[PDB]
>>> print(open('coords.pdb').read())   # PDB, C-alpha atoms
ATOM      1  CA  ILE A1252      -0.931 -32.028  20.468  1.00  0.00           C
ATOM      2  CA  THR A1253       2.643 -31.659  21.725  1.00  0.00           C
ATOM      3  CA  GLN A1254       4.872 -33.538  24.169  1.00  0.00           C
ATOM      4  CA  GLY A1255       8.277 -32.786  25.635  1.00  0.00           C
ATOM      5  CA  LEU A1256      10.598 -29.852  25.121  1.00  0.00           C
ATOM      6  CA  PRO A1257       8.557 -28.285  22.304  1.00  0.00           C
ATOM      7  CA  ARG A1258       5.506 -28.263  24.578  1.00  0.00           C
ATOM      8  CA  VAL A1259       7.592 -26.693  27.345  1.00  0.00           C
ATOM      9  CA  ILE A1260       8.907 -23.998  24.980  1.00  0.00           C
ATOM     10  CA  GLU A1261       5.393 -23.438  23.622  1.00  0.00           C
ATOM     11  CA  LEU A1262       4.219 -22.816  27.194  1.00  0.00           C
ATOM     12  CA  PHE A1263       7.092 -20.569  28.328  1.00  0.00           C
ATOM     13  CA  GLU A1264       6.746 -18.516  25.141  1.00  0.00           C
ATOM     14  CA  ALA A1265       2.959 -18.330  25.605  1.00  0.00           C
ATOM     15  CA  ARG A1266       2.411 -19.283  21.966  1.00  0.00           C
ATOM     16  CA  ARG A1267      -1.007 -19.961  20.503  1.00  0.00           C
ATOM     17  CA  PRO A1268      -0.942 -23.754  19.943  1.00  0.00           C
ATOM     18  CA  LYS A1269      -1.439 -25.112  16.421  1.00  0.00           C
ATOM     19  CA  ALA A1270      -4.207 -27.550  17.353  1.00  0.00           C
ATOM     20  CA  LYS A1271      -5.816 -25.284  19.942  1.00  0.00           C
ATOM     21  CA  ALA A1272      -8.927 -26.170  21.917  1.00  0.00           C
ATOM     22  CA  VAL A1273     -11.976 -23.914  21.829  1.00  0.00           C
ATOM     23  CA  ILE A1274     -13.119 -22.312  25.076  1.00  0.00           C
ATOM     24  CA  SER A1275     -16.293 -20.538  26.194  1.00  0.00           C
ATOM     25  CA  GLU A1276     -15.952 -16.781  26.638  1.00  0.00           C
ATOM     26  CA  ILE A1277     -18.855 -16.714  29.106  1.00  0.00           C
ATOM     27  CA  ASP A1278     -20.868 -18.948  31.423  1.00  0.00           C
ATOM     28  CA  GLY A1279     -23.941 -20.706  30.059  1.00  0.00           C
ATOM     29  CA  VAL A1280     -25.661 -23.910  28.988  1.00  0.00           C
ATOM     30  CA  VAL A1281     -24.519 -26.071  26.066  1.00  0.00           C
ATOM     31  CA  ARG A1282     -26.735 -26.465  23.010  1.00  0.00           C
ATOM     32  CA  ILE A1283     -25.198 -28.541  20.228  1.00  0.00           C
ATOM     33  CA  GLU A1284     -26.144 -28.003  16.587  1.00  0.00           C
ATOM     34  CA  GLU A1285     -24.919 -30.660  14.173  1.00  0.00           C
ATOM     35  CA  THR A1286     -25.769 -30.898  10.488  1.00  0.00           C
ATOM     36  CA  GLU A1287     -24.354 -33.963   8.722  1.00  0.00           C
ATOM     37  CA  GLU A1288     -21.767 -31.675   7.115  1.00  0.00           C
ATOM     38  CA  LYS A1289     -21.529 -28.721   9.519  1.00  0.00           C
ATOM     39  CA  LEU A1290     -21.059 -28.407  13.285  1.00  0.00           C
ATOM     40  CA  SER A1291     -21.587 -25.593  15.798  1.00  0.00           C
ATOM     41  CA  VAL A1292     -21.753 -25.320  19.588  1.00  0.00           C
ATOM     42  CA  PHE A1293     -23.896 -22.744  21.382  1.00  0.00           C
ATOM     43  CA  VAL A1294     -23.267 -21.361  24.863  1.00  0.00           C
ATOM     44  CA  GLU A1295     -26.646 -19.928  25.856  1.00  0.00           C
ATOM     45  CA  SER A1296     -26.839 -17.648  28.884  1.00  0.00           C
ATOM     46  CA  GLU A1297     -30.002 -16.543  30.685  1.00  0.00           C
ATOM     47  CA  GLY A1298     -29.943 -13.404  28.544  1.00  0.00           C
ATOM     48  CA  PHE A1299     -26.995 -13.956  26.210  1.00  0.00           C
ATOM     49  CA  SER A1300     -25.962 -16.078  23.230  1.00  0.00           C
ATOM     50  CA  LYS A1301     -22.564 -17.425  22.182  1.00  0.00           C
ATOM     51  CA  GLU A1302     -21.822 -19.337  18.989  1.00  0.00           C
ATOM     52  CA  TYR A1303     -18.665 -21.307  18.242  1.00  0.00           C
ATOM     53  CA  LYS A1304     -18.468 -22.744  14.732  1.00  0.00           C
ATOM     54  CA  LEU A1305     -15.923 -25.567  14.832  1.00  0.00           C
ATOM     55  CA  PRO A1306     -14.732 -28.069  12.169  1.00  0.00           C
ATOM     56  CA  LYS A1307     -16.854 -31.225  11.972  1.00  0.00           C
ATOM     57  CA  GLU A1308     -14.257 -33.693  13.285  1.00  0.00           C
ATOM     58  CA  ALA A1309     -13.430 -31.846  16.518  1.00  0.00           C
ATOM     59  CA  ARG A1310     -13.772 -33.904  19.708  1.00  0.00           C
ATOM     60  CA  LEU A1311     -16.155 -32.431  22.272  1.00  0.00           C
ATOM     61  CA  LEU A1312     -15.701 -32.373  26.039  1.00  0.00           C
ATOM     62  CA  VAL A1313     -19.239 -31.100  26.493  1.00  0.00           C
ATOM     63  CA  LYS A1314     -22.369 -33.196  26.874  1.00  0.00           C
ATOM     64  CA  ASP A1315     -25.458 -31.350  25.644  1.00  0.00           C
ATOM     65  CA  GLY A1316     -27.235 -29.132  28.168  1.00  0.00           C
ATOM     66  CA  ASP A1317     -24.255 -28.722  30.484  1.00  0.00           C
ATOM     67  CA  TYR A1318     -23.402 -25.594  32.465  1.00  0.00           C
ATOM     68  CA  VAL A1319     -19.928 -24.508  31.366  1.00  0.00           C
ATOM     69  CA  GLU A1320     -17.676 -21.947  33.049  1.00  0.00           C
ATOM     70  CA  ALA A1321     -16.161 -19.004  31.194  1.00  0.00           C
ATOM     71  CA  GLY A1322     -12.852 -20.325  29.887  1.00  0.00           C
ATOM     72  CA  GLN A1323     -13.894 -23.970  30.122  1.00  0.00           C
ATOM     73  CA  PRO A1324     -12.694 -26.085  27.164  1.00  0.00           C
ATOM     74  CA  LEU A1325     -15.313 -27.315  24.691  1.00  0.00           C
ATOM     75  CA  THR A1326     -12.913 -29.038  22.308  1.00  0.00           C
ATOM     76  CA  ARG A1327      -9.893 -31.207  23.097  1.00  0.00           C
ATOM     77  CA  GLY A1328      -6.413 -29.782  22.591  1.00  0.00           C
ATOM     78  CA  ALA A1329      -4.103 -27.214  24.160  1.00  0.00           C
ATOM     79  CA  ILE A1330      -5.657 -24.012  25.489  1.00  0.00           C
ATOM     80  CA  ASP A1331      -4.498 -20.642  24.150  1.00  0.00           C
ATOM     81  CA  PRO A1332      -3.178 -18.934  27.320  1.00  0.00           C
ATOM     82  CA  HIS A1333      -4.201 -15.447  26.132  1.00  0.00           C
ATOM     83  CA  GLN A1334      -7.791 -16.520  25.509  1.00  0.00           C
ATOM     84  CA  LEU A1335      -7.803 -18.190  28.914  1.00  0.00           C
ATOM     85  CA  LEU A1336      -6.522 -14.880  30.274  1.00  0.00           C
ATOM     86  CA  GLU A1337      -9.279 -12.793  28.707  1.00  0.00           C
ATOM     87  CA  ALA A1338     -11.977 -15.306  29.649  1.00  0.00           C
ATOM     88  CA  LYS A1339     -10.998 -16.372  33.161  1.00  0.00           C
ATOM     89  CA  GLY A1340      -8.261 -14.086  34.493  1.00  0.00           C
ATOM     90  CA  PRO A1341      -4.654 -14.190  35.826  1.00  0.00           C
ATOM     91  CA  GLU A1342      -4.985 -16.908  38.490  1.00  0.00           C
ATOM     92  CA  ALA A1343      -6.427 -19.450  36.051  1.00  0.00           C
ATOM     93  CA  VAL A1344      -3.605 -18.729  33.609  1.00  0.00           C
ATOM     94  CA  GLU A1345      -0.891 -19.134  36.250  1.00  0.00           C
ATOM     95  CA  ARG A1346      -2.509 -22.398  37.366  1.00  0.00           C
ATOM     96  CA  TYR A1347      -2.772 -23.671  33.793  1.00  0.00           C
ATOM     97  CA  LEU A1348       0.821 -22.794  32.881  1.00  0.00           C
ATOM     98  CA  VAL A1349       2.304 -24.344  36.034  1.00  0.00           C
ATOM     99  CA  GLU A1350       0.312 -27.576  35.732  1.00  0.00           C
ATOM    100  CA  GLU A1351       0.838 -27.905  31.966  1.00  0.00           C
ATOM    101  CA  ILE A1352       4.581 -27.357  32.264  1.00  0.00           C
ATOM    102  CA  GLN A1353       4.698 -29.876  35.121  1.00  0.00           C
ATOM    103  CA  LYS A1354       2.930 -32.591  33.080  1.00  0.00           C
ATOM    104  CA  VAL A1355       5.944 -32.914  30.772  1.00  0.00           C
TER     105      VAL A1355
END
>>> encode(input="coords.pdb", output="structure tokens")
Amino acid sequence: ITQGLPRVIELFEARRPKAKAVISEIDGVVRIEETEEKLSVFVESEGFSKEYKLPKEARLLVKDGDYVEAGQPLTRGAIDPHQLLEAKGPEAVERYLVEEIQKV
């Protein structure tokens, strides 16, 4: 994560954060799949399937069987503003940038 001026610069430059969070591209229900060595999270829609293979030590913000919005974070960390843009649209990005800059 990042605090202070570097976080501000990272936001104003719209950089992809180093320790970025993972977000859902679509809406759907959470289905966790965890081997003792490997980890993956599945966003299952009524007719679609999404699969996010994340490193095994990543903190989750999603309880199993939850309905997540497109663009909603699954992992902790800073959100990549461009991914948030493609997933959720302009308004969500403006909101995110303003609030995130204001936190500092």
>>> residues_around(input="coords.pdb", residues="residue 1257 (chain A)", least_positions_apart="4", cutoff="12 Å", atoms="only C-alpha atoms", output="ChimeraX atom specification")
/A:1252-1253,1261-1266,1268,1352,1355
>>> closest_residue(input="coords.pdb", among="A:1344, A:1293, A:1312, A:1306", to="residue 1325 (chain A)", atoms="only C-alpha atoms")
A:1312
>>> axis_aligned_box(input="coords.pdb", around="region 1283-1299 of chain A", padding_each_side="8 Å", output="JSON")
{"center_x": -25.5, "center_y": -23.7, "center_z": 18.9, "size_x": 24.9, "size_y": 36.6, "size_z": 39.6}
>>> resolve_selection(input="coords.pdb", expression="the PyMOL selection byres ((chain A and resi 1329) around 8)", output="number ranges by chain")
A: 1252, 1268, 1270-1272, 1327-1328, 1330-1331
>>> residues_around(input="coords.pdb", residues="region 1313-1321 of chain A", least_positions_apart="3", cutoff="9 Å", atoms="all atoms listed in the file", output="list in words")
residues 1274, 1275, 1276, 1277, 1278, 1279, 1280, 1281, 1282, 1283, 1294, 1324, 1325, 1326, 1335, 1338 and 1339 of chain A
>>> atom_distance(input="coords.pdb", atom1="CA of residue 1273 (chain A)", atom2="CA of residue 1301 (chain A)")
12.4 Å
>>> residues_near_point(input="coords.pdb", point="(-23.2, -27.8, 7.6)", cutoff="12 Å", atoms="all atoms listed in the file", output="list in words")
residues 1284, 1285, 1286, 1287, 1288, 1289, 1290, 1291, 1304, 1305, 1306 and 1307 of chain A
>>> closest_residue(input="coords.pdb", among="A:1337, A:1332, A:1346, A:1295", to="residue 1267 (chain A)", atoms="all atoms listed in the file")
A:1332
>>> atom_distance(input="coords.pdb", atom1="CA of residue 1333 (chain A)", atom2="CA of residue 1297 (chain A)")
26.2 Å
>>> atom_distance(input="coords.pdb", atom1="CA of residue 1322 (chain A)", atom2="CA of residue 1292 (chain A)")
14.5 Å
>>> closest_residue(input="coords.pdb", among="A:1298, A:1341, A:1255, A:1309", to="residue 1353 (chain A)", atoms="only C-alpha atoms")
A:1255
>>> decode(input="coords.pdb", residues="region 1331-1353 of chain A", atoms="N, CA and C atoms", output="CSV table (one decimal), in the first residue's frame")
chain,number,residue,atom,x,y,z
A,1331,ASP,N,-6.7,-0.5,-9.6
A,1331,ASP,CA,-6.2,0.1,-10.8
A,1331,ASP,C,-7.4,0.9,-11.5
A,1332,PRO,N,-7.2,2.2,-11.6
A,1332,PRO,CA,-8.2,3.1,-12.1
A,1332,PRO,C,-8.7,2.8,-13.5
A,1333,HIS,N,-7.9,2.3,-14.3
A,1333,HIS,CA,-8.2,1.9,-15.7
A,1333,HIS,C,-9.1,0.7,-15.7
A,1334,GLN,N,-8.8,-0.3,-14.9
A,1334,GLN,CA,-9.7,-1.5,-14.7
A,1334,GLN,C,-11.0,-1.1,-14.2
A,1335,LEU,N,-11.0,-0.2,-13.2
A,1335,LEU,CA,-12.3,0.3,-12.6
A,1335,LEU,C,-13.1,1.0,-13.7
A,1336,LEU,N,-12.3,1.7,-14.6
A,1336,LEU,CA,-13.0,2.4,-15.7
A,1336,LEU,C,-13.7,1.4,-16.7
A,1337,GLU,N,-12.9,0.4,-17.1
A,1337,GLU,CA,-13.5,-0.6,-18.0
A,1337,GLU,C,-14.7,-1.4,-17.4
A,1338,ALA,N,-14.6,-1.6,-16.1
A,1338,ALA,CA,-15.5,-2.5,-15.4
A,1338,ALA,C,-16.8,-1.7,-15.0
A,1339,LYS,N,-16.7,-0.5,-14.6
A,1339,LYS,CA,-17.7,0.2,-13.9
A,1339,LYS,C,-18.1,1.6,-14.5
A,1340,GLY,N,-17.2,2.2,-15.3
A,1340,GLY,CA,-17.5,3.4,-16.0
A,1340,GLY,C,-16.9,4.7,-15.3
A,1341,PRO,N,-17.1,5.8,-16.0
A,1341,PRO,CA,-16.5,7.1,-15.6
A,1341,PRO,C,-16.9,7.6,-14.2
A,1342,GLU,N,-18.1,7.6,-13.9
A,1342,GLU,CA,-18.6,8.1,-12.6
A,1342,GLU,C,-17.9,7.4,-11.4
A,1343,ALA,N,-17.8,6.1,-11.5
A,1343,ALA,CA,-17.2,5.3,-10.4
A,1343,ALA,C,-15.7,5.7,-10.3
A,1344,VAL,N,-15.0,5.9,-11.4
A,1344,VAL,CA,-13.6,6.3,-11.4
A,1344,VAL,C,-13.4,7.7,-10.8
A,1345,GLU,N,-14.2,8.7,-11.2
A,1345,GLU,CA,-14.2,10.0,-10.7
A,1345,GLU,C,-14.4,10.0,-9.1
A,1346,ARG,N,-15.4,9.2,-8.7
A,1346,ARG,CA,-15.7,9.1,-7.3
A,1346,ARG,C,-14.5,8.5,-6.5
A,1347,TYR,N,-13.9,7.4,-7.1
A,1347,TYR,CA,-12.8,6.7,-6.5
A,1347,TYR,C,-11.6,7.6,-6.4
A,1348,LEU,N,-11.2,8.3,-7.5
A,1348,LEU,CA,-10.1,9.2,-7.5
A,1348,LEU,C,-10.2,10.4,-6.4
A,1349,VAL,N,-11.4,11.0,-6.4
A,1349,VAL,CA,-11.6,12.1,-5.5
A,1349,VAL,C,-11.5,11.6,-4.0
A,1350,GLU,N,-12.2,10.5,-3.7
A,1350,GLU,CA,-12.2,10.0,-2.3
A,1350,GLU,C,-10.8,9.6,-1.9
A,1351,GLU,N,-10.1,8.8,-2.8
A,1351,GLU,CA,-8.8,8.3,-2.5
A,1351,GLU,C,-7.8,9.4,-2.3
A,1352,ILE,N,-7.8,10.4,-3.2
A,1352,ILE,CA,-7.0,11.6,-3.0
A,1352,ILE,C,-7.3,12.3,-1.7
A,1353,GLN,N,-8.6,12.4,-1.4
A,1353,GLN,CA,-8.9,13.1,-0.1
A,1353,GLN,C,-8.5,12.3,1.2
